[PDB]
Amino acid sequence: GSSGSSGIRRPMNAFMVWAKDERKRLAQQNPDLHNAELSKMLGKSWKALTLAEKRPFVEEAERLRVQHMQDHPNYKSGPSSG
């Protein structure tokens, strides 16, 4: 059941994504701690990960970002021509 907000508002990066799952563990582990506090852990665990580990979280966040742009071309436009 969906009781609350739905759909994503802003895009996420490789770190954010991979965290989306990790953070959850932090929230339950620290019901008194907040994001700012959780991150501290989401980072140490992230930077530690390797390329192959970020591969699955890197090819995903890249798709979410490009999207937020589709809504508005105010990101980057201007190909090459002779």
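- Looking at the entry header, you'll see solution NMR listed as the method.

Remarks on the packing of helix 1 (residues 14–29) against helix 2 (residues 35–48)
Alright, step 1. At a minimum axis separation of 9 Å, helix 1 and helix 2 run at an interaxial angle of 120°. Relative to helix 2, helix 1 is oriented oblique. For the pair helix 1 and helix 2, the sense of crossing is right-handed. Contacts between helix 1 and helix 2 involve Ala 14, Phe 15, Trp 18, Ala 19, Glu 22, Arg 23, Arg 25, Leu 26 and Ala 27 from the former and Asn 35, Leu 38, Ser 39, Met 41, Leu 42, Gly 43, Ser 45 and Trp 46 from the latter.
Alright, step 2. Grouping the amino acids of the contact of helix 1 with helix 2 by side-chain chemistry returns 10 nonpolar, four polar and three charged.

Here's the deal with the side chain of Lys 54
Alright, step 1. Mapping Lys 54 onto the fold places it in helix 3 (residues 51–70).
Alright, step 2. Notably, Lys 54 is buried but unbridged: the nearest opposite-charge side chain belongs to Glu 53, and the N-O separation is 8.2 Å.

What about the packing of aromatic side chains?
Alright, step 1. Counted under the stated rule, the structure contains four aromatic pairs.
Alright, step 2. With a centroid separation of 6.1 Å and 45° between ring planes, the pair formed by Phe 15 and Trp 18 is classed as tilted. Of this pair, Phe 15 and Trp 18 both sit in helix 1, three residues apart, roughly one helical turn.
Alright, step 3. Residue classification places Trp 18 among the buried positions, given a relative accessible area of 6%.
Alright, step 4. Feature note: the residues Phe 15, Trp 18, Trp 46 and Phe 57 constitute an aromatic cluster, connected by ring pairs.
Alright, step 5. It is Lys 54 that lies over the ring of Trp 46; its NZ or CZ is 5.0 Å from the centre.

Thresholds applied
Residues numbered from 1 in each chain as written, not as in the entry; some residues may be left out. Heavy atoms only, no water. Axes fitted to C-alpha atoms, helices over the stretch in contact; angles between N-to-C directions. Helix = DSSP H or I, 4+ residues; strand = E, 2+ residues; numbered from the N terminus. Parallel < 35°, antiparallel > 145°, perpendicular 65-115°, else oblique. Left-handed = near helix turned anticlockwise from the far one by under 90°. Contact = heavy atoms within 4.5 Å. Nonpolar A, V, L, I, M, F, W, Y, C, P; charged D, E, K, R; others polar. Buried < 20%, exposed > 50% of the residue type's maximum accessible area, 1.4 Å probe, protein only. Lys, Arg positive; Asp, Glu negative; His and termini not counted. Salt bridge = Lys/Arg side-chain N within 4 Å of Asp/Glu carboxyl O. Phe/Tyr/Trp six-rings, centres within 6.5 Å; stacked < 30°, edge-to-face > 60°. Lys NZ or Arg CZ within 6 Å of the ring centre and 35° of its normal.

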